[PDB]
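Asks: This is the structure, below, for whatever I ask next.
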Amino acid sequence: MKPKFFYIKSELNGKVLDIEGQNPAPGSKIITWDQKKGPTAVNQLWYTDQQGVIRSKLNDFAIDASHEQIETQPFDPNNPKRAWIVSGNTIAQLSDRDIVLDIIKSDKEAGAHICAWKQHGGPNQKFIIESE
């Protein structure tokens with residue numbers, strides 16, 4: 001039961017998305033940051049579940065768009081926000097294929113928060129994936 005992880009880094013800023021917490025600690029906010037090299041990179045690596053739900057390599061944890069800002073927490077069957085699917089070069093919500101995470105402010109500034117927005121083809125909505 002050893003799936004595959006990947007690297008999710010914005011195609012605009014070239015930074016890698018990371019979860020503020022690097023642990024099972026639920027409620028951690030997500031943002032963009034510089035890619036790291038070592039045993040502390042899992043925070044920027046994710047994997048896809050058998051059901052099509054991504055979860056950070058750190059452990060069985062999916063992001064949820066319940067609040068204004070995207071956060072990570074334990075998967076919830078009754079929560080249609082804790083199930084994110086990957087579409088090409090973008091992360092899209094399960095119940096909303098027309099919704100996909102994006103970089104707030106569309107700026108290059110690192111450590112910037114993110115949220116799910118209506119796909120508009122904007123450069124700020126472009127991300128790159130790198131399997132391990």
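Residue numbering restarts at 1 for every chain of the structure tokens, chains are lettered A, B, ... in their displayed order, and ligands are numbered from 1 as they appear.
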So which residues touch stretch 22-24 of chain A within 7 Å, counting only C-alpha atoms, skipping near sequence neighbours fewer than 2 positions away, as number ranges by chain?
Replies: A: 19-20, 26, 43, 58-59
Asks: What's the 9 Å shell around residue A:44, counting only C-alpha atoms, without same-chain residues fewer than 5 positions away, as a VMD selection string?
Replies: chain A and resid 6 to 9 16 to 19 22 32 to 33 35 to 36 56 to 57
Asks: Which residues, written as a PyMOL selection string, have at least one atom at most 9 Å from residue A:98, with only C-alpha atoms counted and residues fewer than 4 positions away on the same chain left out?
Replies: chain A and resi 92-93+117-119
Asks: DSSP on the backbone: which residues in stretch 1-131 of chain A end up as strand (DSSP E)? Give the answer as an MDAnalysis selection string.
Replies: chainID A and resid 5:10 16:19 28:33 45:48 54:56 62:64 71:73 84:87 90:93 99:103 114:118 127:130
Asks: Determine, counting only C-alpha atoms, which protein, DNA and RNA residues have an atom within 12 Å of an atom of residue A:61; residues of the same chain fewer than 3 positions away are not included. Present the result as a PyMOL selection string.
Replies: chain A and resi 19+22-28+43+45-49+53-58+64+71-76+82-84
Asks: Save the residues we just selected, N, CA, C and O atoms, as a compact mmCIF listing (two decimals), in the first residue's frame?
Replies:
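What landed in result19.txt:
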```txt
# COMPACT_ATOMS: atom_id res chain seq x y z
N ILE A 19 2.28 22.94 2.98
CA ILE A 19 1.29 23.03 4.05
C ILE A 19 1.95 23.46 5.36
O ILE A 19 2.82 22.78 5.88
N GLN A 22 3.53 20.60 8.28
CA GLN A 22 4.38 19.44 8.01
C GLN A 22 4.13 18.33 9.02
O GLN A 22 5.07 17.80 9.62
N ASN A 23 2.87 17.97 9.21
CA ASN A 23 2.50 16.91 10.15
C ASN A 23 1.00 16.65 10.12
O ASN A 23 0.24 17.38 9.49
N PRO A 24 0.54 15.59 10.82
CA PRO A 24 -0.88 15.22 10.87
C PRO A 24 -1.74 16.34 11.46
O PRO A 24 -2.96 16.34 11.29
N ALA A 25 -1.10 17.29 12.14
CA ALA A 25 -1.80 18.41 12.75
C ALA A 25 -2.82 19.02 11.78
O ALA A 25 -2.46 19.80 10.90
N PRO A 26 -4.11 18.67 11.94
CA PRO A 26 -5.18 19.18 11.08
C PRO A 26 -5.44 20.66 11.31
O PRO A 26 -5.24 21.17 12.41
N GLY A 27 -5.90 21.35 10.26
CA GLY A 27 -6.18 22.77 10.38
C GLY A 27 -5.04 23.63 9.88
O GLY A 27 -5.05 24.85 10.06
N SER A 28 -4.05 23.01 9.25
CA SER A 28 -2.90 23.73 8.72
C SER A 28 -3.23 24.42 7.41
O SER A 28 -3.82 23.82 6.51
N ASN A 43 6.10 17.92 2.66
CA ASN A 43 5.14 19.00 2.84
C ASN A 43 4.81 19.69 1.52
O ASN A 43 3.89 20.51 1.46
N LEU A 45 4.82 17.63 -1.32
CA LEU A 45 4.51 16.49 -2.15
C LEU A 45 3.15 15.91 -1.82
O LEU A 45 2.78 15.80 -0.65
N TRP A 46 2.42 15.54 -2.85
CA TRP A 46 1.09 14.97 -2.67
C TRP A 46 0.92 13.72 -3.51
O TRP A 46 1.72 13.43 -4.39
N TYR A 47 -0.15 12.98 -3.25
CA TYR A 47 -0.43 11.77 -4.00
C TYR A 47 -1.93 11.66 -4.27
O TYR A 47 -2.72 12.35 -3.65
N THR A 48 -2.31 10.80 -5.22
CA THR A 48 -3.71 10.63 -5.57
C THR A 48 -4.27 9.33 -5.02
O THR A 48 -3.66 8.28 -5.14
N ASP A 49 -5.44 9.42 -4.39
CA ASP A 49 -6.08 8.25 -3.81
C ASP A 49 -6.74 7.39 -4.89
O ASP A 49 -6.93 7.83 -6.02
N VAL A 53 -8.94 11.14 -4.94
CA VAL A 53 -8.74 12.21 -3.98
C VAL A 53 -7.28 12.31 -3.58
O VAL A 53 -6.69 11.34 -3.11
N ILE A 54 -6.69 13.48 -3.78
CA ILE A 54 -5.29 13.69 -3.44
C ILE A 54 -5.08 13.83 -1.94
O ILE A 54 -5.94 14.34 -1.22
N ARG A 55 -3.91 13.40 -1.49
CA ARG A 55 -3.53 13.48 -0.09
C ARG A 55 -2.02 13.64 0.01
O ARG A 55 -1.27 12.95 -0.67
N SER A 56 -1.58 14.58 0.84
CA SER A 56 -0.15 14.84 1.00
C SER A 56 0.60 13.59 1.43
O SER A 56 0.13 12.81 2.25
N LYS A 57 1.79 13.44 0.86
CA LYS A 57 2.65 12.30 1.15
C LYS A 57 2.86 12.12 2.65
O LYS A 57 3.16 11.02 3.11
N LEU A 58 2.70 13.19 3.41
CA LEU A 58 2.88 13.14 4.85
C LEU A 58 1.97 12.10 5.49
O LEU A 58 2.38 11.37 6.39
N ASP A 64 -9.31 21.14 2.23
CA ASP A 64 -10.73 21.45 2.21
C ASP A 64 -10.97 22.94 1.97
O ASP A 64 -10.35 23.79 2.61
N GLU A 71 -7.42 24.98 3.55
CA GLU A 71 -6.72 24.37 4.67
C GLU A 71 -6.73 22.85 4.55
O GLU A 71 -7.51 22.29 3.78
N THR A 72 -5.85 22.19 5.29
CA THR A 72 -5.77 20.73 5.26
C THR A 72 -6.38 20.11 6.51
O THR A 72 -6.20 20.62 7.62
N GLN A 73 -7.09 19.01 6.33
CA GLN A 73 -7.73 18.31 7.44
C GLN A 73 -8.10 16.89 7.02
O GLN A 73 -8.05 16.55 5.84
N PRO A 74 -8.50 16.03 7.99
CA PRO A 74 -8.88 14.65 7.70
C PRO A 74 -10.07 14.58 6.75
O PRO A 74 -11.02 15.36 6.87
N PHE A 75 -10.03 13.64 5.81
CA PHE A 75 -11.10 13.47 4.85
C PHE A 75 -12.44 13.23 5.55
O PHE A 75 -12.51 12.48 6.52
N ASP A 76 -13.49 13.86 5.04
CA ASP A 76 -14.82 13.71 5.62
C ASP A 76 -15.85 13.37 4.53
O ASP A 76 -16.04 14.15 3.59
N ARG A 82 -13.31 18.35 1.09
CA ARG A 82 -12.08 17.64 1.43
C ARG A 82 -11.68 16.61 0.37
O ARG A 82 -10.90 15.70 0.64
N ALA A 83 -12.19 16.78 -0.85
CA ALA A 83 -11.86 15.86 -1.94
C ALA A 83 -11.42 16.64 -3.17
O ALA A 83 -12.24 17.17 -3.91
N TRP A 84 -10.12 16.72 -3.37
CA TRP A 84 -9.58 17.46 -4.50
C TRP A 84 -8.98 16.54 -5.56
O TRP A 84 -8.24 15.61 -5.24
```
Asks: Between A:4, A:89, A:39, A:94, which is the closest to residue A:62 once you count only C-alpha atoms?
Replies: A:94
Asks: Nearest residue to residue A:102 out of A:79, A:125, A:131, A:66, using only C-alpha atoms?
Replies: A:125
Asks: Can you work out the spacing between atom CA of residue A:3 and atom CA of residue A:42 in Å, to one decimal?
Replies: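 Separation between atom CA of residue A:3 and atom CA of residue A:42: 13.3 Å.
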Asks: Using only C-alpha atoms, find the one residue out of A:124, A:78, A:40, A:13 that sits nearest to residue A:100.
Replies: A:124
Asks: Write down as a compact mmCIF listing (two decimals) with N, CA and C atoms, in the first residue's frame the residues belonging to chain A that are assigned helix (DSSP H, G or I) by DSSP computed on the backbone.
Replies:
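Everything below was put into out.txt:
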```txt
# COMPACT_ATOMS: atom_id res chain seq x y z
N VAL A 42 8.21 16.36 1.93
CA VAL A 42 6.88 15.76 1.87
C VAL A 42 5.79 16.82 1.98
N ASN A 43 6.10 17.92 2.66
CA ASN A 43 5.14 19.00 2.84
C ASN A 43 4.81 19.69 1.52
N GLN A 44 5.55 19.36 0.47
CA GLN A 44 5.32 19.94 -0.85
C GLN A 44 4.98 18.84 -1.84
N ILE A 104 -3.33 33.52 -4.81
CA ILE A 104 -3.96 34.80 -4.48
C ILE A 104 -3.08 35.98 -4.88
N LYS A 105 -3.72 37.01 -5.42
CA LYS A 105 -3.02 38.22 -5.85
C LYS A 105 -2.27 38.01 -7.17
N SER A 106 -2.27 36.78 -7.68
CA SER A 106 -1.59 36.47 -8.94
C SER A 106 -0.19 37.07 -8.97
N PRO A 123 -2.53 33.01 -15.87
CA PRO A 123 -1.20 32.48 -15.58
C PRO A 123 -1.02 32.14 -14.10
N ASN A 124 -1.71 32.89 -13.25
CA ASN A 124 -1.63 32.67 -11.81
C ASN A 124 -2.31 31.35 -11.41
N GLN A 125 -3.06 30.76 -12.34
CA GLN A 125 -3.75 29.51 -12.08
C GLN A 125 -3.00 28.32 -12.69
```
Asks: Quick one: pull the distance between atom CA of residue A:114 and atom CA of residue A:68, Å, one decimal.
Replies: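 About the pair atom CA of residue A:114 and atom CA of residue A:68: they are 9.4 Å apart.
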Asks: Record the distance separating atom CA of residue A:12 and atom CA of residue A:69, expressed in Å with one decimal.
Replies: 20.0 Å
